[PDB]
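There is one chain below, alone, in structure tokens, taken in the form deposited in one PDB entry.
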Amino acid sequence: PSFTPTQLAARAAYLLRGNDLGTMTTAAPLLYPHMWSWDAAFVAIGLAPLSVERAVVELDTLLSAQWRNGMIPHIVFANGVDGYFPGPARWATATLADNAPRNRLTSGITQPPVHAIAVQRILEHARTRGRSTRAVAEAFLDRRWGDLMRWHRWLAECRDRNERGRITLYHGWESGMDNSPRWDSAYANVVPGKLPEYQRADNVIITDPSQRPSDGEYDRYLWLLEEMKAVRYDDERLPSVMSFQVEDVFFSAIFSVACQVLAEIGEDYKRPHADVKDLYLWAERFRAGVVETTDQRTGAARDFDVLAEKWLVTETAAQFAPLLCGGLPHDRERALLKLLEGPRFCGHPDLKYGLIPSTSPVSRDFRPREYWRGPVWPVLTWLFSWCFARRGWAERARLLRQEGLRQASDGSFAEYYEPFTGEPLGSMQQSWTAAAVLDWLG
């Protein structure tokens, strides 16, 4: 049944090279047959124990698609691949967005900046390998430190215009949790006008409807595209016209952590002092911004609906944003860690593994099979585990790792798993799942 550690690490590496199109790795074989932004950070993490040179290539490809205003788009499309919707033709960024790259097709929205974490792992691997391998990673810093700064500066200046230290989203897809209950009350206020016809491609691949978002949800995902296109993806116009404007507390906590990670890399590798100062200021700002959202009793973080001007209260894994980035008073972080481990999340009596369900099994929003409405996601298990280790919670990080691997031992490298039975769901051969396994072992 279950593969040994060497078998599993081999089958994961075999998977990662098999999803490699040449200079970009698709996020899955068929369902996501393109380069996605946060997956590509994870693919670089997974590739770094295999080939520092090729992990660097993965980040160099994504950054070559960076928008002129600094935004890393959430998709970089593979030349001449179909199979996915909405494709280049639906976004029309090449024709409508003055900031879109001249020589890459890309989407029009962003995604969380996990990228600095991938740079850290590459550097830590490279330092354990040759002098020539350190030279490759250090040359990659020399080449892309500016691009990474523009990425972080664009988030902080253009998606936190009021310096609240939370990132604004104009599309639920930018959160990475497309159908999370976090966004349900925001989406209920999105009223599509004349929606141009389309046919989904995702549920041609994953045909079980219980596992993917609904048609109605997709009608709202694509309407938001029309609103964006109408204004040519102009940052200065989105606030006026978008029917979806939310402050994503999970994305912001990730941003806080990334700025700190990048700042320490800037210190270690003698990057400009003004950059490190900006990174540290953003780190602290978005840490404070996460904490301001948090429940008084449990420390759980809240999303904010900018249009409705109300806190979003749901019971998902994003409530734990503050654990990633710190800043909660000591007492309230204990409360939060107890919520994490208690029967609403990791301690629910029915879970096969001691892992974080995307939505709490006790919430009325919970759906054991439905994407971000409850399944266990290895990508989140890794991110939480790496961030916990970084907080100095060595044992808590080890247990996540240990259950992560045990769940991963079937070798399906599933996109997500059913919380109660462990059945693999979503795409098989999902690249960032294989990256998580490879980072934990490699």
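Here, rigid core means the biggest group of C-alpha atoms that superpose within 1.5 Å across both forms. When you see a residue number, it is the position in the sequence shown, counting from 1.
Unshown form deposited in another entry; subsequent notes refer to it.
- When the two forms are overlaid on the rigid core, CA displacement between the shown form and the other one of 2 Å or more is confined, within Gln296, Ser240, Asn79, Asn162, to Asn79.
- With the core held fixed, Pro349 shows a CA shift below 2 Å between the shown form and the other one.
- In this overlay on the rigid core, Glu284 has a C-alpha that sits less than 2 Å away from its partner position between the shown form and the other one.
- Once both forms are fitted on their core, a CA shift of 2 Å or more is seen for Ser210 between the shown form and the other one.
- With a change of no less than 3 Å, the CA-CA distance between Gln211 and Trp173 is smaller in the other entry than in the form shown.
- In the other entry, the CA atoms of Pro213 and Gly422 sit farther apart than in the displayed form, by at least 3 angstroms.
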